[PDB]
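For reference, the structure is listed below as structure tokens.
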Amino acid sequence: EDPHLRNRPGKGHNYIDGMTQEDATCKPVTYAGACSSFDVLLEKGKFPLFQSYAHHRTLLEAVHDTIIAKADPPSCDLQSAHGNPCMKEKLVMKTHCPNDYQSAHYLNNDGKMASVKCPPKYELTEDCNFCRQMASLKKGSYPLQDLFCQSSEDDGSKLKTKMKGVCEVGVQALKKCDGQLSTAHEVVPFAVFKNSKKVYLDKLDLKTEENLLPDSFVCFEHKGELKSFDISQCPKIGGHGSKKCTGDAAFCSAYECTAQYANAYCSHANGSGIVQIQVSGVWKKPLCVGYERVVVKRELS
Amino acid sequence: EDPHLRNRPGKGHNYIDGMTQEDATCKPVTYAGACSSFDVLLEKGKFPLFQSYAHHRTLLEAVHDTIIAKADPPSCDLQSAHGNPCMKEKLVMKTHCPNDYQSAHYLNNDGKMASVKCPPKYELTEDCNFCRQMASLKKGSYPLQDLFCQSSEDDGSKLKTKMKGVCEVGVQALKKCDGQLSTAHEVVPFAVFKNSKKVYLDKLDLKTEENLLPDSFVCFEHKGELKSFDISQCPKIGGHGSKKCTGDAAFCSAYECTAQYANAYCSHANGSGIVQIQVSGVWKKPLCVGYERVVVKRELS
Amino acid sequence: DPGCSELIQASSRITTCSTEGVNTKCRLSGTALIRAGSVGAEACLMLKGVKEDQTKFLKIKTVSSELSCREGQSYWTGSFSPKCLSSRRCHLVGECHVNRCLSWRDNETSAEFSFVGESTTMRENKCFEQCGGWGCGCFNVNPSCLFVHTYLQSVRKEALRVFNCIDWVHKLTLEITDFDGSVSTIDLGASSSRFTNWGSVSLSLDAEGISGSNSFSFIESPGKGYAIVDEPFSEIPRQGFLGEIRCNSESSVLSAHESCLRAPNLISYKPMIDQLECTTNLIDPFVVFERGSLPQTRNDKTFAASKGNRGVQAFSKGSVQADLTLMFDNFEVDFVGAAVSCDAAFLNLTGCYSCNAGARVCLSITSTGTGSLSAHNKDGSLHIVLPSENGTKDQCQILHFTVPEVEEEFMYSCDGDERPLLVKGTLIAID
Amino acid sequence: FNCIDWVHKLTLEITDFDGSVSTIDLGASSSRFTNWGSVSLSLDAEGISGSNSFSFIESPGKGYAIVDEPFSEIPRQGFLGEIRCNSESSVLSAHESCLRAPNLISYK
Amino acid sequence: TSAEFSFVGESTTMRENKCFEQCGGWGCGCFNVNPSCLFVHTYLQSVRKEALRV
Amino acid sequence: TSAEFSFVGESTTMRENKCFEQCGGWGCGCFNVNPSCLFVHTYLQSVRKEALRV
């Protein structure tokens, strides 16, 4: 298929300290260059949420855009056993990859970037929890979660876990209990507000408005690398503006198209712009809603 | 499915006496192993009981488990004269023996490993009672009985055959029949406890009571086919044992995962538990229960 | 309490003795007949070998008269709670057509809800259209669409099983004691058969039943008491009826499995452009379970639950008249002649006469060895068997008589020699 | 629209502990998720039966109405509801999603 | 014929094969959350030693 | 047509063949414990030399 989703808006950087030596071809992310930390997010039948919201940012890109900070340590050390910073949050999570990886990133409870690290030449397991011994050695970070990145200024750091009726979900201990718990690996979403913690989600009710905002489009440089071009500079219909732009019927129906006499190419996107969510009966704008298969200990007896 | 057909927990040694031609490939029993005394046990349309109870023990594996002693002699000759221990218990058999076989092991009345062997290179006949001149010849023996064992230790020296209304069955002299003996070949089960005699049964009632037991886990080596690895070498959490062990979330939740310090991979398995037997009403733990086709002499009147 | 009220001798046609190891044993390859005892009474079976002292007995202890129910069409039910999920998209965007959501199938995962996960519950997918324009945040002039993805989950920690009874089976819990002393507690109803160590047994005569049971539904609670509802069995599950959402197993209700049944077009919705509140008016069975909790008073019977074995019963206040068929599957009965002594003494004799109850006897058997004691009268109609051991213990059983002044001479022994014994006691008239 | 059963609805104005005012409503056994939890009814009474033979008409921003005739089931000629639609926009813009009476538009 | 009782044989004795649904997980004796099955192989046996021709 | 009575065949008479179930064992003169059979080949024939046409 046409790799039109590789054009990431903003910076588009996917590299972390410690390992991953493929940063020379993935900084930024364009057509040229291969990277195992992003080509696996475009294959169908894996993460449909990221494919539906592929017009925004990722996790590492959100870290490089001054949105998500970096935890300490940013790379978990698997050489020392008997517990290490990055075991309670991963052991309960159920992931899967096509093997041949060394690094893997996910989200922590604080809200920063907590990843692991596999020293050469050690291979991860089939689930990415532990490690093993030794095809090719992909030093890229395998996406463990299915979240995205977006810019927002709505404050909301006074909300904790909204789930009710669950004893201990993930790593957050909401209440104590020593009885029988319905231990089962369920798919529970999560979201992070402006400088908040790992806020679990009991239900997902997204909201996307299709307007003329630059975040709702992916207008790039007209060809006949590619970054994020401001759509506000495009002239209106029956008027005059600054720069020139062109597109198809969805873009030419409201603005002006000059075909080859344009410096940018605008096009309509699917699922992009202001993304809201329902929480405590009040609409709020998070920073990235994802999914994870953590251990959910529901009440029983 | 059934990913635990050839994997044998615990010991897993199918060594036979006298027919010493498979000592190189027989100990232990892996997934890609070769042994004529185990391949026919999983054949479609032969021994359904072993196919249903695959995650257990056999006869030779029970002999090598330091719980069942061997007979003297363990391998009797078929070209003897008078006083052959493998004659009365062998001629009363009924299960047809396949071709290309020389040795045939079974269970005696005392509860020991009894086997027969003809002079090279004479194979068995149709009934397996005699021998005759010689695909290729197998390098092992053929199990004459469809029985299984487990990790039990209850005593059964006071329990005898509970076959009521039966004159003489197999080779045991029960009671004295008053009427005419009715010779008929039927299927009568048997049961052998820890150091006891061959206790026959009439209505076999086997139940399974699974619980958190260490026998419900397997471990296979990595591959940058499958191999064999003992699961009993994995200690508890926060400790150190003999060999290193590792796994996923289910195996790491109870045992300590050494990540890359091991050479296997623990996975969540089952099919074990504690199997009970219905003997005289009181539920006991069997040790050598199965089925044997012998000659049953019932009363005609 | 022991005490065989009705005693019969086995026929010689099915009684063949033998000899093996200085012991005279015999087997039974037939079936005898004996009257069923009442509450407290028993029904022994005298077995004779080749002579007089070799005599065995098979006591069958009767608990009480019960009327079990026969379960037919059963189903599990419980409370649930839906969860509405809204996702509005613009028109002509992917699958945001106003005509596709009208005929949208429930078993079709839309493109906006393919990232839910492993949801093996009672899920469905609808499609309600809304408005468009720039007033609700839409770029196209055509109206937008709102995708609906609501799945049912279980919120109650327990459940209930609603069933019925097509007929009241007169079940009798019998405690059959073998010849050697093996105690086995079984049950027999109408003409049902079981499986014992001595063969098989089945109830013969049965003249007790309760008519009109199809118009009564029963509710079983895990561990707690049962229930009864005065209504016929639930037919088709429809809206506004007790039992509109059913399943097949307890796990199908405690986990809300998709293999169960539910009423069509039952989950209501509140189309509010972007908001959605899926609420259902489910019937709460706990109200009926609390209003009609066993035990209750129904006509002249007492409906209650049952201990040990799960099932509904019906306590009656009538007589006990039934027959038992002791089928022996060719089982040998051995006996060893003891040689220990035993000096027994009489204590008291209370009870009644001319009734199915009987009279309790008190005997102070003092023996020096572990064995068995056998007693009999003179004409050959009464037999008393009591265990004996080293020490002084007080035993006895239930005896039947037709005279308030019992003056019958007994002949008890423990090794071979028989000594006389006289009993006495004043009884009362008990019907 | 019509009405198959009259549900005793009570509009409640729940005030939280901090001072936030929230106005909701309850009916029969429905529950609404709030800030502190959820609220629902437990016992209802006073019901009106026999409402299937009446149809109500709703107007946008004007009011309701009542009609003394059974509810329109199938559209036909000479009856209320000849050409129906699914939504208001489908009627103001004449969309193909609505239904109409067969052979209704006459010709000369 | 079920695989859990195929060792009996396909004889002329009156037999029947049923199938009931139980529970799953560690609450009864399994590993998966899906409910388990119950293989039933009931066969009839003669009780009376004589027959009657009505 | 039975094998024991093959000397008759499908003749032009009112012939018939049955197979009754009998006991076995050494008490009736047999070796196998399975029940034996009873081959019966009964045919009809005229008695007198005068017939009637009703």
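Residue numbers (this note's numbering), protein chains in the order written: chain A, 13 to 313; chain B, 13 to 313; chain C, 15 to 445; chain D, 416 to 523; chain E, 147 to 200; chain F, 147 to 200.
The C-beta atom is built at its ideal place from N, Cα and C for all residues, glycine as well.
Any chain C beta carbon closer than 8 Å to residue i
i, result
"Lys23 (chain A)", "no"
"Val154 (chain E)", "no"
"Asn417 (chain D)", "no"
"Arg447 (chain D)", "yes"
"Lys187 (chain B)", "yes"
Cutoff 8 Å: residue i Cβ touching any chain D Cβ
i, result
"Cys145 (chain C)", "yes"
"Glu291 (chain C)", "yes"
"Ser292 (chain A)", "yes"
Short Cβ contact (8 Å threshold) for residue i with residue j
i, j, result
"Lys171 (chain C)", "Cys292 (chain C)", "no"
"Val183 (chain A)", "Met175 (chain A)", "no"
"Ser127 (chain A)", "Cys189 (chain A)", "no"
"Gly152 (chain B)", "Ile286 (chain B)", "no"
"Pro157 (chain C)", "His105 (chain C)", "yes"
"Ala46 (chain C)", "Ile74 (chain C)", "no"
"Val347 (chain C)", "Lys70 (chain C)", "yes"
"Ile79 (chain A)", "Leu299 (chain A)", "yes"
"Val326 (chain C)", "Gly257 (chain C)", "no"
"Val301 (chain A)", "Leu159 (chain A)", "yes"
CB contact check: residue i to chain E, cutoff 8 Å
i, result
"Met136 (chain C)", "no"
"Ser64 (chain B)", "yes"
"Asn262 (chain C)", "yes"
8 Å Cβ cutoff, residue i in contact with chain A
i, result
"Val155 (chain C)", "no"
"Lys284 (chain C)", "no"
Proximity test, Cβ basis, 8 Å: residue i and chain B
i, result
"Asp190 (chain A)", "no"
"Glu346 (chain C)", "yes"
"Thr384 (chain C)", "no"
"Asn120 (chain A)", "no"
"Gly175 (chain E)", "yes"
"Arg18 (chain A)", "no"
"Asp201 (chain C)", "no"
Counterpart residues of residue i in DSSP-defined beta bridges
i, result
"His390 (chain C)", "C:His397 and C:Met425"
"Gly405 (chain C)", "C:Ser381"
"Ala126 (chain A)", "A:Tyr118"
"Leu193 (chain A)", "A:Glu311"
"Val199 (chain B)", "B:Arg305"
"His187 (chain F)", "F:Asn163"
"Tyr65 (chain B)", "For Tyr65 (chain B), which the question treats as bridged, DSSP gives no partner whatsoever."
"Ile200 (chain C)", "C:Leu188"
"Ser455 (chain D)", "D:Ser446"
"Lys133 (chain B)", "DSSP, once it has assigned bridges, lists no residue as partnering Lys133 (chain B)."
"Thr29 (chain C)", "C:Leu42"
Outcome for residue i when other beta-carbon atoms lying within 10 angstroms are tallied against a minimum of 16
i, result
"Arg144 (chain A)", "buried"
"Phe494 (chain D)", "exposed"
"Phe209 (chain C)", "exposed"
"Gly293 (chain A)", "exposed"
"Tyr189 (chain E)", "exposed"
"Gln253 (chain C)", "exposed"
Residue-chain proximity (residue i, chain I), Cβ-Cβ < 8 Å
i, result
"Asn323 (chain C)", "In the structure shown, chain I does not exist; the protein chains are A, B, C, D, E and F."
Proximity test, residue i beta-carbon vs the ligand COA heavy atom, cut-off 7 Å
i, result
"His187 (chain F)", "Although the ligand COA was asked about, the structure shown includes no ligands whatsoever."
### Minimum length 3: unbroken beta strand (DSSP E) runs contained in the stretch 229-295 of chain C
If we require 3 residues or more, the beta strand (DSSP E) runs fully inside the stretch 229-295 of chain C come out as 231-234 and 241-243.
#### Entry: Entirely enclosed beta strand (DSSP E) segments - the stretch 141-177 of chain B, minimum 3 residues
Runs of the beta strand (DSSP E) inside the stretch 141-177 of chain B: 143-145 and 153-155.
### Task
Give, in chain order, every unbroken run of the alpha helix (DSSP H) that is at least 4 residues long and sits entirely within the stretch 231-286 of chain A.
Every alpha helix (DSSP H) of 4 residues or more that sits fully in the stretch 231-286 of chain A is shown, in chain order, as 261-264.
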